[PDB]
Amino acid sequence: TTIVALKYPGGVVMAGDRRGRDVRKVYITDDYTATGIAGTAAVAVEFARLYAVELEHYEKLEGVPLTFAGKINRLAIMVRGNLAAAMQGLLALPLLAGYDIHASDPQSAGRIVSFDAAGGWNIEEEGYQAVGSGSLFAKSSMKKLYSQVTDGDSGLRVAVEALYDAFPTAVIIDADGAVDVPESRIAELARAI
């Protein structure tokens, strides 16, 4: 299913479709990252947990978190060696929303990284990216509405509208860290859309 992520002046927002089983597909992995898997929710949560362990294990052992390039690499190795998903025919390609705290400009410090099946990756320079079922519809919607993205609220508004064009859950990441968007605010926006 569809997961969108777009940059705004201040950070980055990632929103993903959902529907006592796991249902969510976008998860905060550390203080400044969030992973959104186009696929089943239980695959999305287990992938996010293993990646959360990987990032935390490094910080506890080295006394310092991985650089943002280090964070991408560890996610790329996980995609490269995902034999469990390959054997079972399950979609497990993640989209990464991150905030580089080491970037000189905090306003454009938001980051979106795409990953292919082989583990190859590319940092998005367009300021928006969509993966999943309605990715083509969500990307075209974001292209036409991206000029209206001025802050976190407008960035969340465009992200929700792109998913309707394709309630969902969302994660906002800025200088203060990654925060789960209250479901009341997304419900308010989806009704307005």
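In case it trips you up, residue 1 is the first one in the sequence shown, and so on.
The modelled chain breaks after residue 166 and resumes at residue 167, leaving 10 or more residues of the deposited sequence without coordinates. According to the entry, the deposited sequence places 4 to 9 unmodelled residues between residue 19 and residue 20. Of the two stretches examined, 63-71 and 146-154, the record assigns the greater average C-alpha temperature factor to 146-154. Look at the C-alpha B-factors of 172-180 and of 10-18. On average they run higher in 10-18. For the set 30, 46, 54, 126, the PDB entry puts the maximum C-alpha B factor at 126.
Note on 94, 119, 98, 106: the highest value goes to 119, judged by CA B factor as recorded. The entry lists a Cα temperature factor for residue 37 that places it in the middle third of the chain's modelled residues. When the CA B factors of the chain's modelled residues are split into thirds, the value for residue 162 lands in the highest one. Remark: residue 138 belongs to the highest third of its chain, ranked by C-alpha B-factor as recorded.
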